[PDB]
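Student: Okay, here's the structure, questions in a sec.
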Amino acid sequence: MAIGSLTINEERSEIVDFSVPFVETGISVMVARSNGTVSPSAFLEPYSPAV
Amino acid sequence: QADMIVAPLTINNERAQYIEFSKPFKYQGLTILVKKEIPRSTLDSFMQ
Amino acid sequence: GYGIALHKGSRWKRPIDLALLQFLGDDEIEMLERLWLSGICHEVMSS
């Protein structure tokens with residue numbers, strides 16, 4: 001066996017057969033958090049057109 | 001009567017003893033649905 | 001997802017496939033995720 005954090009693929013599974021996945025995993029992006037921002041329309045955004 | 005089941009079939013132990021599944025084509029979970037209440041505040045009295 | 005490799009003919013596969021799915025029937029796997037794969041600050045900032 002080979003236990004660990006071994007991502008299921010296609011090129012791998014053609015030669016060695018895996019088991020049922022038990023943790024979800026993909027590809028994602030990590031970036032640094034920056035200063036908060038509000039919408040530019042805040043002068044009139046919180047108001048309905050009916051007003 | 002049917003040699004394949006293309007439908008949402010949650011992978012389960014009791015279902016896996018007799019038939020063999022495939023690698024999931026979507027991951028998910030179980031969640032609770034209830035009714036949204038009080039969409040907006042009344043505020044009938046502007047002098048509340 | 002992740003997984004456990006085998007030997008392409010292992011015949012150990014079925015006892016392992018039918019064992020992992022049993023934990024999800026209980027909440028044993030969910031319990032582990034709280035022990036290790038957990039942390040703080042899962043917020044707003046004034047500008």
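Just so we're on the same page: first chain in the structure tokens is A, next is B, and so on; residues restart at 1 for each chain, and ligands are numbered from 1 in the order they show up.
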With region 6-17 of chain B as the partner and 10 Å as the cut-off, tabulate the residues of chain C that qualify, each row holding the nearest pair of atoms and their distance in Å to one decimal, using only C-alpha atoms, sorted by chain and rising number, as JSON lines.

Tutor:
```
{"residue": "C:14", "atom": "CA", "partner": "B:17", "partner_atom": "CA", "distance": 9.2}
{"residue": "C:17", "atom": "CA", "partner": "B:16", "partner_atom": "CA", "distance": 8.7}
{"residue": "C:18", "atom": "CA", "partner": "B:13", "partner_atom": "CA", "distance": 6.3}
{"residue": "C:19", "atom": "CA", "partner": "B:13", "partner_atom": "CA", "distance": 8.2}
{"residue": "C:20", "atom": "CA", "partner": "B:13", "partner_atom": "CA", "distance": 8.6}
{"residue": "C:21", "atom": "CA", "partner": "B:13", "partner_atom": "CA", "distance": 5.3}
{"residue": "C:22", "atom": "CA", "partner": "B:13", "partner_atom": "CA", "distance": 5.8}
{"residue": "C:23", "atom": "CA", "partner": "B:13", "partner_atom": "CA", "distance": 9.2}
{"residue": "C:24", "atom": "CA", "partner": "B:12", "partner_atom": "CA", "distance": 8.4}
{"residue": "C:25", "atom": "CA", "partner": "B:13", "partner_atom": "CA", "distance": 7.4}
```

Student: Take the residues just selected and output them with N, CA and C atoms as an mmCIF file, in the first residue's frame.

Tutor:
```cif
data_model
loop_
_atom_site.group_PDB
_atom_site.id
_atom_site.type_symbol
_atom_site.label_atom_id
_atom_site.label_comp_id
_atom_site.auth_asym_id
_atom_site.auth_seq_id
_atom_site.Cartn_x
_atom_site.Cartn_y
_atom_site.Cartn_z
ATOM 1 N N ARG C 14 -11.335 -4.878 -1.848
ATOM 2 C CA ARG C 14 -12.719 -4.911 -1.385
ATOM 3 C C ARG C 14 -12.855 -4.782 0.129
ATOM 4 N N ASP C 17 -12.355 -0.964 0.598
ATOM 5 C CA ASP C 17 -13.456 -0.152 0.089
ATOM 6 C C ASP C 17 -14.671 -0.236 1.000
ATOM 7 N N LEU C 18 -15.011 -1.438 1.454
ATOM 8 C CA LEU C 18 -16.178 -1.626 2.300
ATOM 9 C C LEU C 18 -15.940 -1.201 3.740
ATOM 10 N N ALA C 19 -14.701 -0.889 4.112
ATOM 11 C CA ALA C 19 -14.413 -0.421 5.461
ATOM 12 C C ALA C 19 -14.456 1.097 5.567
ATOM 13 N N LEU C 20 -13.923 1.803 4.567
ATOM 14 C CA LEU C 20 -13.953 3.262 4.594
ATOM 15 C C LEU C 20 -15.383 3.785 4.556
ATOM 16 N N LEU C 21 -16.228 3.200 3.705
ATOM 17 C CA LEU C 21 -17.604 3.664 3.591
ATOM 18 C C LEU C 21 -18.387 3.452 4.876
ATOM 19 N N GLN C 22 -17.950 2.524 5.728
ATOM 20 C CA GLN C 22 -18.646 2.293 6.987
ATOM 21 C C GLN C 22 -18.443 3.443 7.962
ATOM 22 N N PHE C 23 -17.270 4.081 7.939
ATOM 23 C CA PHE C 23 -17.023 5.197 8.845
ATOM 24 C C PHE C 23 -17.943 6.368 8.540
ATOM 25 N N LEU C 24 -18.154 6.665 7.256
ATOM 26 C CA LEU C 24 -19.067 7.745 6.891
ATOM 27 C C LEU C 24 -20.499 7.436 7.307
ATOM 28 N N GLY C 25 -20.847 6.154 7.436
ATOM 29 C CA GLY C 25 -22.139 5.807 8.004
ATOM 30 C C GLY C 25 -22.271 6.275 9.438
#
```

Student: What are the residues of chain B lining chain A at 10 Å or less? Count only C-alpha atoms, and put the answer as a list in words.

Tutor: residues 11, 21, 22, 23, 24, 27 and 28 of chain B

Student: Please produce a file of the residues just selected, as a PDB file, in the first residue's frame, where the atoms kept are C-alpha atoms.

Tutor:
```pdb
ATOM      1  CA  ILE B  11     -22.417   6.059  -2.338  1.00  0.00           C
ATOM      2  CA  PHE B  21     -20.069   2.062  -8.034  1.00  0.00           C
ATOM      3  CA  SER B  22     -17.718   4.434  -9.870  1.00  0.00           C
ATOM      4  CA  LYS B  23     -15.614   7.377  -8.779  1.00  0.00           C
ATOM      5  CA  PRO B  24     -18.001  10.206  -7.857  1.00  0.00           C
ATOM      6  CA  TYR B  27     -19.244  15.737  -4.234  1.00  0.00           C
ATOM      7  CA  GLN B  28     -21.868  16.972  -1.792  1.00  0.00           C
TER       8      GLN B  28
END
```

Student: Distance CA of residue 3 (chain B)-CA of residue 10 (chain C), one decimal place?

Tutor: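 For CA of residue 3 (chain B) relative to CA of residue 10 (chain C), the distance reads 26.3 Å.
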
Student: Pick out the chain C residues within 6 Å of chain A. Count only C-alpha atoms. Give them as number ranges by chain.

Tutor: C: 1-8, 17, 45, 47

Student: Can you list, as a PDB file with C-alpha atoms, in the first residue's frame, all residues belonging to chain A that DSSP tags as helix (DSSP H, G or I)?

Tutor:
```pdb
ATOM      1  CA  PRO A  40     -18.881  53.033  -4.892  1.00  0.00           C
ATOM      2  CA  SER A  41     -22.672  53.438  -5.154  1.00  0.00           C
ATOM      3  CA  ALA A  42     -23.044  53.619  -1.355  1.00  0.00           C
ATOM      4  CA  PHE A  43     -24.416  57.168  -1.624  1.00  0.00           C
TER       5      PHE A  43
END
```

Student: Please report the interatomic distance between CA of residue 12 (chain C) and CA of residue 19 (chain B) in Å with one decimal.

Tutor: 17.4 Å

Student: So how far away is CA of residue 39 (chain B) from CA of residue 46 (chain C), in Å?

Tutor: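 A separation of 27.5 Å between them.
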
Student: In terms of the shortest atom-to-atom distance over only C-alpha atoms, which of B:20, B:48, B:37, B:31 is closest to chain C?

Tutor: B:20

Student: I'd like to know which of C:9, C:38, C:29, C:15 is closest to chain B, using only C-alpha atoms.

Tutor: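 Among C:9, C:38, C:29, C:15, it is C:15 that comes nearest to chain B.
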
Student: Determine the nearest neighbour of chain C from the options B:42, B:33, B:47, B:25, counting only C-alpha atoms.

Tutor: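 Of B:42, B:33, B:47, B:25, the one nearest chain C is B:25, counting only C-alpha atoms.
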